[PDB]
């Protein structure tokens, strides 16, 4: 018996890639991710209006966790841009993206994947900073957003240079999240498993919890990208995108879940690892 999402993407890899995570604080000594995530000194969070590290700990586990991770050989570096309530700022995220590029210039390693499991409204400056970091050779993966809306109205989802990931469930259908659900439209690059994802729970050192969202879906694509770049390190961003589409399951999403005008614009692709 394996978590459904790990079976869905399979038709210790990712060791050549470092995955940066801009999220809440992380419980770095949880058994699922201990020794796999290096916590940077970076913190830039707004004041608030076991739970502080819930979101980031689960996502670190989805990417590289011992028992339930996608790219179990990848190393991760974490930056805290979301406060205890999961809220951050565009400026804090900009400073974090600049910190990643500064860190890379000071001590270069192999291919870098940056996971942005967050969203705000369309931001010219956040899209420009993502565009610049992607043009600099870094791979960015972001959540499409959980607003049951057009991803082009949110950032970094609307940045064309970022790999924007929507969420699908075990029936390969778009995830519902309360009254809302995955975003869609022409700014989404592909979908990935984002419902009932088993992953590290920060409640205890061996606890696991299932979570749903486009952040979980984006973490799956960050893990798949880490595996793909480790196997073929010379891939450009355009080639990595070609591979993600190529190895994806095609036309399995029932496009009737999307609004009528978004059906031809939304890619009908569910991510998967190469065989």
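What we label the rigid core is the largest C-alpha set whose atoms superpose within 1.5 Å from one form to the other. Positions refer to the first chain, counted from 1.
With every structure aligned by its rigid core, 239-247 is the stretch of 25-33 and 239-247 whose CA positions lie farther away in 5 other deposited structures of this protein. Relative to the shown model and aligned on the rigid core, the C-alphas in 5 other deposited structures of this protein deviate most, among 221-229 and 50-58, for 50-58. A chain break between residue 49 and residue 50 is present, corresponding to 4 to 9 residues of the deposited sequence without coordinates. Per the record, residue 11 and residue 12 are separated by 10 or more deposited residues that are missing from the model. For the pair 50-58 and 220-228, the mean Cα B-factor is higher in 50-58. Comparing 162-170 with 200-208, the higher mean C-alpha B-factor in the PDB entry belongs to 200-208.
Remark: of 73, 120, 96, 181, 73 shows the highest value [criterion: C-alpha B-factor in the PDB entry]. For residue 233, the recorded CA B-factor ranks within the middle third of the chain. Only modelled residues enter the ranking. Among the modelled residues of its chain, residue 134 has a C-alpha B-factor that falls in the middle third according to the deposited record. Residue 84: CA B factor lies in the highest third for its chain, per the PDB record. When all modelled residues of the chain are sorted by CA temperature factor, residue 248 is found within the highest third. When the modelled residues of the chain are ordered by C-alpha B-factor, residue 215 sits in the lowest third.
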